[PDB]
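Peer 1: Here you go, one structure.
There are 2 protein chains.
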Amino acid sequence: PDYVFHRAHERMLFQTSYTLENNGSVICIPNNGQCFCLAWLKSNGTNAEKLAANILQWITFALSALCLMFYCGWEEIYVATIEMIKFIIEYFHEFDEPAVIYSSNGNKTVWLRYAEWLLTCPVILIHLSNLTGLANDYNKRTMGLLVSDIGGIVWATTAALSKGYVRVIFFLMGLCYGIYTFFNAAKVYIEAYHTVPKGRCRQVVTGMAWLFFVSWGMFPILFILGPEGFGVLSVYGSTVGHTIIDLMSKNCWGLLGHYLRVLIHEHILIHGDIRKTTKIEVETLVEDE
Amino acid sequence: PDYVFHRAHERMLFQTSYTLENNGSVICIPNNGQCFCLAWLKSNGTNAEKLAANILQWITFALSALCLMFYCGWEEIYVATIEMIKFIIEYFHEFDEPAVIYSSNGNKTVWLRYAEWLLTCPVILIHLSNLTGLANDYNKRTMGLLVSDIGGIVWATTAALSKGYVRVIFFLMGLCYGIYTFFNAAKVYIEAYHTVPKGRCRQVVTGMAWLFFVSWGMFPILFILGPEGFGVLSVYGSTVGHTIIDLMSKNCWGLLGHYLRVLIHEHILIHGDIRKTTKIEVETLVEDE
Ligand SMILES: *C/C=C(C)/C=C/C=C(C)/C=C/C1=C(C)CCCC1(C)C
Ligand SMILES: *C/C=C(C)/C=C/C=C(C)/C=C/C1=C(C)CCCC1(C)C
Ligand SMILES: [Zn+2]
Ligand SMILES: [Zn+2]
Numbered sequence: 039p040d041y042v043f044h045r046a047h048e049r050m051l052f053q054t055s056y057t058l059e060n061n062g063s064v065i066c067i068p069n070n071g072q073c074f075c076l077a078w079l080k081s082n083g084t085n086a087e088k089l090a091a092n093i094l095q096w097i098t099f100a101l102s103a104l105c106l107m108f109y118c119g120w121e122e123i124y125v126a127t128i129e130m131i132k133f134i135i136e137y138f139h140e141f142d143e144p145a146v147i148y149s150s151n152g153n154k155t156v157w158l159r160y161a162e163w164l165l166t167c168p169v170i171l172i173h174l175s176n177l178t179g180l181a182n183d184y185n186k187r188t189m190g191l192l193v194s195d196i197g198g199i200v201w202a203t204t205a206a207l208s209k210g211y212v213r214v215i216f217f218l219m220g221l222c223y224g225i226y227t228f229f230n231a232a233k234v235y236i237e238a239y240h241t242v243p244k245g246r247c248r249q250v251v252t253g254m255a256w257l258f259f260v261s262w263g264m265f266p267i268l269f270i271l272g273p274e275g276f277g278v279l280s281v282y283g284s285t286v287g288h289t290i291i292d293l294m295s296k297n298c299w300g301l302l303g304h305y306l307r308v309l310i311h312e313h314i315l316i317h318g319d320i321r322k323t324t325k333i334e335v336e337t338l339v340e341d342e
Numbered sequence: 039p040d041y042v043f044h045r046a047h048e049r050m051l052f053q054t055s056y057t058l059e060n061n062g063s064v065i066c067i068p069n070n071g072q073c074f075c076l077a078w079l080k081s082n083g084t085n086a087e088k089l090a091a092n093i094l095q096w097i098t099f100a101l102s103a104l105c106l107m108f109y118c119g120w121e122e123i124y125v126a127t128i129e130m131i132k133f134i135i136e137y138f139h140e141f142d143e144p145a146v147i148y149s150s151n152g153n154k155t156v157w158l159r160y161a162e163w164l165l166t167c168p169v170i171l172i173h174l175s176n177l178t179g180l181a182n183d184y185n186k187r188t189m190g191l192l193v194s195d196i197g198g199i200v201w202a203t204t205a206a207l208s209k210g211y212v213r214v215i216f217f218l219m220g221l222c223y224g225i226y227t228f229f230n231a232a233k234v235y236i237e238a239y240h241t242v243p244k245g246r247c248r249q250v251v252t253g254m255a256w257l258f259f260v261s262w263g264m265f266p267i268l269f270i271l272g273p274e275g276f277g278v279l280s281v282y283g284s285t286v287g288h289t290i291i292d293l294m295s296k297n298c299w300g301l302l303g304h305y306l307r308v309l310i311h312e313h314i315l316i317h318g319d320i321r322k323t324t325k333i334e335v336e337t338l339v340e341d342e
């Protein structure tokens, strides 16, 4: 349990024992083959934040667990599986390399976070490209949606690994990739709203859109606030924030998507698949001929 | 120029000055806020390998440059743009953090490499999903192709960042993702061969398949041979090997793909788009009605 044992075994992760010499101008270290850096030893945050972070992580785990049990809708169960495995990794080695990368420039990069984005964010966007769940076509801009998002994560990760101005450059690059994703994602939500049958289906689509842009928009904000930004948030506080928006973006958004797909399925089962062309061009599900 | 200046300015990257004390049981270091690790100071390889690596990198750069000039075929120019930007980054900061990640466990992980895979490999697979270049449909297993590949890169990167058995676990996980990609990719090449018109088009498809599986299969092999494996290859030697198969997988494969798409285009322009159903189900381009 990393929540209990990290302070104990972090001595084995890297060098934590050192002696200051010559009025603090010299650091002396056991020649034991371990890497050393004072930056790595700095606090992750307060105990209150640490506690708050640990609570929400259990909640997400149970949420993901119940959702998995509850659950083609392969995209919904895939992200839940990743989220579950993530907690298992968090539970035992949250601040152990390389779940946290302690690099030579002093940075502490949460690779666990960025690796998860790589696994779940493209899948979420694939779901977005097929909100109705009807085989087999996707939008014309799904490939562009996927490429812009993966790139954005690469730039965000690279920005986190960097410092100073090079961090700024790769952040701004991720930002450019980000506006491309959102504009494309928005056009997908718009068409979806007019593709689904009028009624409750159009409500959840509106709800999924709100859940999407709010939650996803919070991530670059937290980046700026976190240790990889201007350090107003601790790494414990950064964890709290990410967990909250992980809840919205993956768990809640996934439930609504599944719920939306169920409604579509029951509709087509009852009324048949009947399309009315709407002016881009959209084939809208209707009830009567 | 990192090829010339790295030995000079690596003093500013991390601590390179230290004194052994007490019969080599104590290392003493300037208290200057820099990270220290003997593992980081180890040689990248021989000058012969370094020279060989630097030559092939220029070649790829010129190759990518000429290909860009030479060049919807958006996927071909996207990887060439990335490859060009990659060289520019290589030229100035090849062994500077975080192009190389110097982590607290002593590892030297080539993030530049893995970040590039994230950017170019999904795009290559998207191209693979649309070898004919005809709008707008892709295969049924493209989403599975993309997800399996991204995951595999995540596990490979995680494996490189790790050591010992956890490195082995994430390698084997990437391996499982890998066989999924190859089996799916193979089925795409098979259908493609029977979809394209009989003649030269079926030759290049066979050639692209050979280029694909040989080049892509070499990457996990080089992982095992490299510093992230059993260290038979130096980091300079690892660079040489990757550059050679970067040539095949991105540049050469991209040319053949573009060439294939040109042949398809000229065929449909001359003979029209005429399909004959072949038994999965494939709509085969033919010349006569
Ligand atoms: C479930 C996890 C999700 C949905 C994570 C999403 C992450 C982003 C939308 C990240 C965005 C960016 C940064 C953190 C920094 C650079 C700018 C962005 C937009 C690429
Ligand atoms: C242009 C660059 C390319 C095509 C890179 C491809 C990289 C791979 C196919 C990597 C494969 C793997 C490892 C390096 C280790 C774990 C096993 C694999 C298959 C995921
Ligand atoms: Zn720990
Ligand atoms: Zn350098």
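The listed protein sequences derive, respectively, from chains A and A'. A prime marks a further copy of an entry chain. Numbering-wise, the first sequence is residues 39 to 109, 118 to 325, 333 to 342 according to PDB author numbering. Numbering-wise, the second sequence is residues 39 to 109, 118 to 325, 333 to 342 according to PDB author numbering. Just so it is clear, CB atoms sit at the ideal spot from N, CA and C, and this is done for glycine as well.
Can you give me the Cβ contacts of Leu51(A') inside the same chain, cut-off strictly under 7 Å, excluding the 5 residues immediately before and after it?
Peer 2: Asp142, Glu143
Peer 1: Mapping the DSSP letters down to three states, classify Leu221(A) as helix, strand or coil.
Peer 2: In the structure shown, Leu221(A) sits in a helix (DSSP, three-state: H, G or I).
Peer 1: Contact between the segment 160-175 of chain A' and the segment 122-132 of chain A' is defined here as three or more beta-carbon pairs at a separation below 8 Å; is this criterion met?
Peer 2: yes
Peer 1: Look at the alpha carbon of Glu237(A') and the alpha carbon of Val335(A'), and state the distance between them as a whole number of angstroms.
Peer 2: 7 Å
Peer 1: Any heavy atom of ligand 2 closer than 8 Å to the CB of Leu221(A')?
Peer 2: Here the distance from the Cβ of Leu221(A') to the nearest heavy atom of ligand 2 is below 8 Å.
Peer 1: Could you tell me whether the segment 247-262 of chain A touches the segment 297-316 of chain A, using the rule of 3 or more Cβ pairs below 8 Å?
Peer 2: Pairwise C-beta distances place the segment 247-262 of chain A in contact with the segment 297-316 of chain A, as three or more of them are shorter than 8 Å.
Peer 1: Which residues, taken in chain order from the segment 63-91 of chain A', show a beta carbon closer than 9 Å to some beta carbon of chain A?
Peer 2: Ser63, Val64, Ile65, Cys66, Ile67, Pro68, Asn69, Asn70, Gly71, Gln72, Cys73, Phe74, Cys75, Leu76, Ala77, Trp78
Peer 1: Specify whether the segment 217-237 of chain A and the segment 286-300 of chain A touch according to this definition: at least 3 beta carbon pairs, one from each stretch, less than 8 Å apart.
Peer 2: Taking one beta carbon from each stretch, the segment 217-237 of chain A and the segment 286-300 of chain A have fewer than 3 pairs nearer than 8 Å; the two do not touch.
Peer 1: Run the proximity test for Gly198(A'): is its beta-carbon closer than 8 Å to any non-hydrogen atom belonging to ligand 2?
Peer 2: Yes; taking the cut-off as 8 Å, the Cβ of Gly198(A') has a heavy atom of ligand 2 nearer than that.
Peer 1: Put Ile320(A) into one of helix, strand or coil per three-state DSSP.
Peer 2: coil
Peer 1: Anything in chain A' within Cβ reach of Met189(A), meaning under 7 Å, just list it in chain order.
Peer 2: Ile172
Peer 1: Does the beta carbon of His317(A') fall short of 8 Å from some heavy atom of ligand 4?
Peer 2: Every heavy atom of ligand 4 is 8 Å or more from the Cβ of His317(A'), so no.
Peer 1: Looking at chain A', which residues of the segment 134-153 of chain A have a Cβ within less than 7 Å of any of its Cβ atoms?
Peer 2: In summary, the residues of the segment 134-153 of chain A whose CB is separated from some CB of chain A' by less than 7 Å are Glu143, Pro144, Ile147, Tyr148, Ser149, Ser150, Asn151, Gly152, in the order they occur in the chain.
Peer 1: Report the three-state DSSP secondary structure of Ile333(A) (helix, strand or coil).
Peer 2: coil
Peer 1: Name, please, each residue of chain A' whose Cβ falls closer than 7 Å to the Cβ of residue 326(A).
Peer 2: Gap in chain A between 325 and 333; residue 326(A) lies inside it and carries no coordinates.
Peer 1: Could you round the C-beta distance between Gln53(A) and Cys73(A) to whole angstroms and report it? I think they count as a contact, below 8 Å.
Peer 2: 6 Å
Peer 1: Answer with yes or no whether the minimum CB distance from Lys296(A') to chain A is below 9 Å.
Peer 2: no
Peer 1: Out of curiosity, what's the CA-to-CA distance linking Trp262(A') and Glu48(A)?
Peer 2: Whole-angstrom Cα-Cα distance: 38 Å.
Peer 1: Measuring only from the beta carbon, is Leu79(A') closer than 8 Å to any heavy atom that is part of ligand 4?
Peer 2: no
Peer 1: Going by C-alpha distance, which of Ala77(A'), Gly62(A'), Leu58(A') is nearest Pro68(A')?
Peer 2: Comparing C-alpha distances from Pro68(A') to each of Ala77(A'), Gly62(A'), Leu58(A') shows the shortest one belongs to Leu58(A').
Peer 1: Following the continuous beta strand (DSSP E) through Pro68(A'), name the residue where it begins and the one where it ends.
Peer 2: 64-68 is the extent of the beta strand (DSSP E) around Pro68(A').
Peer 1: Please list, following the chain, all residues that have a C-beta closer than 6 Å to any non-hydrogen atom of ligand 4.
Peer 2: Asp40(A'), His44(A'), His47(A'), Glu48(A'), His139(A'), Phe141(A'), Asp142(A')
Peer 1: If you pair each beta-carbon of the segment 79-88 of chain A' with each one of the segment 82-92 of chain A, do three or more pairs fall below 8 Å?
Peer 2: no
Peer 1: With distances taken between CB atoms, is the gap from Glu136(A) to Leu158(A) smaller than 9 Å?
Peer 2: yes
Peer 1: Taking 9 Å as the threshold (C-beta atoms), are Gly179(A') and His317(A') in contact?
Peer 2: no
Peer 1: For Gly300(A) and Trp120(A), what's the separation of their Cα atoms in angstroms?
Peer 2: Their backbone Cα atoms lie some 11 Å apart in a straight line.
Peer 1: Over the uninterrupted alpha helix (DSSP H) stretch that includes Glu59(A), give me the two end residues.
Peer 2: For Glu59(A), there is no enclosing alpha helix (DSSP H); the enclosing beta strand (DSSP E) has its first and last residue at 57-59.
Peer 1: Please state if the CB of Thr98(A') and the CB of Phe138(A') are separated by a distance shorter than 9 Å.
Peer 2: It is not a contact, given that the beta carbons lie outside the stated cut-off.
Peer 1: From this set, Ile215(A'), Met219(A'), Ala181(A'), which residue's C-alpha is nearest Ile196(A')'s C-alpha?
Peer 2: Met219(A')
Peer 1: Just reading off the alpha helix (DSSP H) that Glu140(A') is part of, what are its end residues?
Peer 2: Premise fails: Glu140(A') is in no alpha helix (DSSP H) and is neither H nor E.
Peer 1: Taking 8 Å as the cut-off, is the beta-carbon of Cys167(A') closer than that to any non-hydrogen atom of ligand 2?
Peer 2: yes
Peer 1: Using 10 angstroms around the beta-carbon of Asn61(A), count the other beta-carbons present and answer buried if the total reaches 16, otherwise exposed.
Peer 2: exposed
Peer 1: Taking the beta carbon of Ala205(A) as the centre, do at least 16 other beta carbons fall within 10 Å, making it buried, or is it exposed?
Peer 2: buried
Peer 1: Between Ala161(A) and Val200(A'), which are expected to be in contact by the criterion C-beta below 8 Å, what is the C-beta distance as a whole number of angstroms?
Peer 2: So it is a contact: roughly 5 Å between Cβ atoms.
Peer 1: Along the alpha helix (DSSP H) that carries residue 329(A'), what are the first and last residues, could you check?
Peer 2: Between 325 and 333 in chain A' the model has nothing, and residue 329(A') is one of the residues in that span.
Peer 1: What does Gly197(A) touch in chain A' if you count any residue whose Cβ is under 7 Å from its own?
Peer 2: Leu165
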